[PDB]
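Accompanying notes for the structure given below.
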Amino acid sequence: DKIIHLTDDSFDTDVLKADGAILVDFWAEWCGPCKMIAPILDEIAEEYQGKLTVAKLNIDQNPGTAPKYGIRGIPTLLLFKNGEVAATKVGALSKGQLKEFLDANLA
């Protein structure tokens, strides 16, 4: 609903050219930890309305983007502020951990 479903081609516009903070989720369908965090991202998108936007870029459907960010393990969450990576998180984490990751890095 509020999550951006990113593509290779749309990544520049949706992420790099966005005026504000984007939490990008690099994931794949076969990845268990990716799927466990997916409903956590859903809640993050609802609660952080106005502060950031959540966007996902499935790395099998869109194989181009992730190498540019040196992704080598999923899920990886990158936090962008205006096209620039501020904060990197690798592996699954809880809602309370992601929250703390966001709050601390959004400031």
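Following the order of the structure tokens, first chain is A, next is B, and so on, with residues numbered from 1 inside each chain and ligands from 1 in the order they appear.
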
- Extract the full set of strand (DSSP E or B) residues from chain A according to DSSP on the backbone, and format it as a PyMOL selection string. chain A and resi 4-5+21-27+52-58+76-81+84-90

The selected residues should be written to file as a PDB file, in the first residue's frame (atoms: N, CA and C atoms).
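For reference, result25.pdb as written:
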```pdb
ATOM      1  N   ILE A   4       7.011   0.993  -1.894  1.00  0.00           N
ATOM      2  CA  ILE A   4       7.365   1.087  -3.326  1.00  0.00           C
ATOM      3  C   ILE A   4       7.978  -0.208  -3.834  1.00  0.00           C
ATOM      4  N   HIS A   5       7.389  -0.750  -4.885  1.00  0.00           N
ATOM      5  CA  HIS A   5       7.912  -1.938  -5.526  1.00  0.00           C
ATOM      6  C   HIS A   5       8.870  -1.505  -6.603  1.00  0.00           C
ATOM      7  N   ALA A  21      14.019  10.383   2.888  1.00  0.00           N
ATOM      8  CA  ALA A  21      14.660   9.124   3.275  1.00  0.00           C
ATOM      9  C   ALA A  21      13.942   7.892   2.757  1.00  0.00           C
ATOM     10  N   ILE A  22      14.699   6.999   2.112  1.00  0.00           N
ATOM     11  CA  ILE A  22      14.128   5.744   1.643  1.00  0.00           C
ATOM     12  C   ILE A  22      14.889   4.552   2.207  1.00  0.00           C
ATOM     13  N   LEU A  23      14.146   3.689   2.906  1.00  0.00           N
ATOM     14  CA  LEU A  23      14.582   2.387   3.424  1.00  0.00           C
ATOM     15  C   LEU A  23      14.384   1.356   2.295  1.00  0.00           C
ATOM     16  N   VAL A  24      15.459   0.996   1.575  1.00  0.00           N
ATOM     17  CA  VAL A  24      15.372  -0.027   0.541  1.00  0.00           C
ATOM     18  C   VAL A  24      15.618  -1.457   1.090  1.00  0.00           C
ATOM     19  N   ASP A  25      14.732  -2.390   0.760  1.00  0.00           N
ATOM     20  CA  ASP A  25      14.877  -3.794   1.148  1.00  0.00           C
ATOM     21  C   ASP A  25      15.344  -4.632  -0.045  1.00  0.00           C
ATOM     22  N   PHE A  26      16.567  -5.146   0.037  1.00  0.00           N
ATOM     23  CA  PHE A  26      17.100  -6.058  -0.987  1.00  0.00           C
ATOM     24  C   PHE A  26      16.835  -7.514  -0.560  1.00  0.00           C
ATOM     25  N   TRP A  27      15.968  -8.207  -1.308  1.00  0.00           N
ATOM     26  CA  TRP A  27      15.457  -9.513  -0.901  1.00  0.00           C
ATOM     27  C   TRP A  27      15.265 -10.476  -2.088  1.00  0.00           C
ATOM     28  N   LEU A  52       9.744   8.582   6.322  1.00  0.00           N
ATOM     29  CA  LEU A  52      10.444   7.841   5.275  1.00  0.00           C
ATOM     30  C   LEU A  52       9.483   7.054   4.384  1.00  0.00           C
ATOM     31  N   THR A  53      10.019   6.456   3.323  1.00  0.00           N
ATOM     32  CA  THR A  53       9.266   5.526   2.507  1.00  0.00           C
ATOM     33  C   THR A  53      10.027   4.212   2.430  1.00  0.00           C
ATOM     34  N   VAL A  54       9.294   3.100   2.470  1.00  0.00           N
ATOM     35  CA  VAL A  54       9.867   1.761   2.308  1.00  0.00           C
ATOM     36  C   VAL A  54       9.735   1.357   0.848  1.00  0.00           C
ATOM     37  N   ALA A  55      10.758   0.695   0.333  1.00  0.00           N
ATOM     38  CA  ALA A  55      10.824   0.303  -1.074  1.00  0.00           C
ATOM     39  C   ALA A  55      11.487  -1.056  -1.135  1.00  0.00           C
ATOM     40  N   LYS A  56      11.044  -1.940  -2.028  1.00  0.00           N
ATOM     41  CA  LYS A  56      11.684  -3.257  -2.073  1.00  0.00           C
ATOM     42  C   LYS A  56      12.177  -3.515  -3.479  1.00  0.00           C
ATOM     43  N   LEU A  57      13.293  -4.229  -3.586  1.00  0.00           N
ATOM     44  CA  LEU A  57      13.899  -4.510  -4.882  1.00  0.00           C
ATOM     45  C   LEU A  57      14.353  -5.962  -4.977  1.00  0.00           C
ATOM     46  N   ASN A  58      13.454  -6.831  -5.426  1.00  0.00           N
ATOM     47  CA  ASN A  58      13.690  -8.213  -5.399  1.00  0.00           C
ATOM     48  C   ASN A  58      14.839  -8.446  -6.372  1.00  0.00           C
ATOM     49  N   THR A  76      19.197  -7.276   2.873  1.00  0.00           N
ATOM     50  CA  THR A  76      20.002  -6.113   3.236  1.00  0.00           C
ATOM     51  C   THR A  76      19.086  -4.906   3.131  1.00  0.00           C
ATOM     52  N   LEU A  77      19.050  -4.110   4.190  1.00  0.00           N
ATOM     53  CA  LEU A  77      18.326  -2.859   4.204  1.00  0.00           C
ATOM     54  C   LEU A  77      19.308  -1.711   4.112  1.00  0.00           C
ATOM     55  N   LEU A  78      19.152  -0.888   3.072  1.00  0.00           N
ATOM     56  CA  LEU A  78      19.897   0.362   2.981  1.00  0.00           C
ATOM     57  C   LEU A  78      18.997   1.567   3.286  1.00  0.00           C
ATOM     58  N   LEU A  79      19.473   2.458   4.137  1.00  0.00           N
ATOM     59  CA  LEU A  79      18.719   3.660   4.366  1.00  0.00           C
ATOM     60  C   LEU A  79      19.326   4.777   3.534  1.00  0.00           C
ATOM     61  N   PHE A  80      18.530   5.385   2.654  1.00  0.00           N
ATOM     62  CA  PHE A  80      18.988   6.548   1.879  1.00  0.00           C
ATOM     63  C   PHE A  80      18.415   7.811   2.396  1.00  0.00           C
ATOM     64  N   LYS A  81      19.251   8.834   2.383  1.00  0.00           N
ATOM     65  CA  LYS A  81      18.822  10.199   2.535  1.00  0.00           C
ATOM     66  C   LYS A  81      19.202  10.930   1.277  1.00  0.00           C
ATOM     67  N   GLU A  84      21.739   9.033  -1.087  1.00  0.00           N
ATOM     68  CA  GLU A  84      23.022   8.708  -0.475  1.00  0.00           C
ATOM     69  C   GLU A  84      22.817   7.750   0.675  1.00  0.00           C
ATOM     70  N   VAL A  85      23.518   6.626   0.656  1.00  0.00           N
ATOM     71  CA  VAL A  85      23.380   5.649   1.736  1.00  0.00           C
ATOM     72  C   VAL A  85      23.874   6.191   3.078  1.00  0.00           C
ATOM     73  N   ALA A  86      22.981   6.205   4.066  1.00  0.00           N
ATOM     74  CA  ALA A  86      23.310   6.648   5.429  1.00  0.00           C
ATOM     75  C   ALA A  86      23.652   5.495   6.403  1.00  0.00           C
ATOM     76  N   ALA A  87      23.047   4.328   6.185  1.00  0.00           N
ATOM     77  CA  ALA A  87      23.021   3.247   7.171  1.00  0.00           C
ATOM     78  C   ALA A  87      22.667   1.922   6.504  1.00  0.00           C
ATOM     79  N   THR A  88      23.430   0.877   6.849  1.00  0.00           N
ATOM     80  CA  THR A  88      23.359  -0.452   6.238  1.00  0.00           C
ATOM     81  C   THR A  88      23.015  -1.469   7.325  1.00  0.00           C
ATOM     82  N   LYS A  89      22.059  -2.346   7.035  1.00  0.00           N
ATOM     83  CA  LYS A  89      21.704  -3.429   7.956  1.00  0.00           C
ATOM     84  C   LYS A  89      21.624  -4.737   7.197  1.00  0.00           C
ATOM     85  N   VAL A  90      22.379  -5.728   7.644  1.00  0.00           N
ATOM     86  CA  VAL A  90      22.377  -7.034   6.978  1.00  0.00           C
ATOM     87  C   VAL A  90      21.789  -8.107   7.880  1.00  0.00           C
TER      88      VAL A  90
END
```

Can you list, as a short mmCIF file (atom, residue, chain, number, x, y, z; two decimals) with N, CA and C atoms, in the first residue's frame, every protein, DNA or RNA residue that comes within 8 Å of residue A:16 when you count only C-alpha atoms, leaving out same-chain residues fewer than 4 positions away?
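What ended up in around_20.cif:
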```cif
data_model
loop_
_atom_site.label_atom_id
_atom_site.label_comp_id
_atom_site.auth_asym_id
_atom_site.auth_seq_id
_atom_site.Cartn_x
_atom_site.Cartn_y
_atom_site.Cartn_z
N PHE A 11 14.70 2.68 -10.27
CA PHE A 11 15.48 2.85 -9.03
C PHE A 11 16.03 4.29 -8.84
N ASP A 12 16.71 4.80 -9.85
CA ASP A 12 17.08 6.23 -9.92
C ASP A 12 15.94 7.17 -9.45
N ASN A 82 18.20 11.27 0.49
CA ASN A 82 18.38 11.99 -0.77
C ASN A 82 19.41 11.34 -1.73
N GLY A 83 19.32 10.03 -1.93
CA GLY A 83 20.16 9.33 -2.89
C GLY A 83 21.47 8.80 -2.37
N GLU A 84 21.74 9.03 -1.09
CA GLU A 84 23.02 8.71 -0.48
C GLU A 84 22.82 7.75 0.67
#
```

- Can you pull out every residue within 7 Å of stretch 92-97 of chain A, counting only C-alpha atoms, but drop anything in the same chain fewer than 2 positions away, and send it as a PyMOL selection string? chain A and resi 33-34+37+40+75+90+99-101

- Return as a ChimeraX atom specification the full set of residues in chain A whose backbone-based DSSP assignment is helix (DSSP H, G or I). /A:11-16,32-47,65-68,95-106

- Message: So, with only C-alpha atoms as the atoms that count, which of A:50, A:39, A:32, A:63 lies closest to residue A:9?
- Response: A:63

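Of the listed residues A:19, A:14, A:29, A:46, the one whose atoms come nearest to residue A:1 is A:46, with distances taken using only C-alpha atoms.
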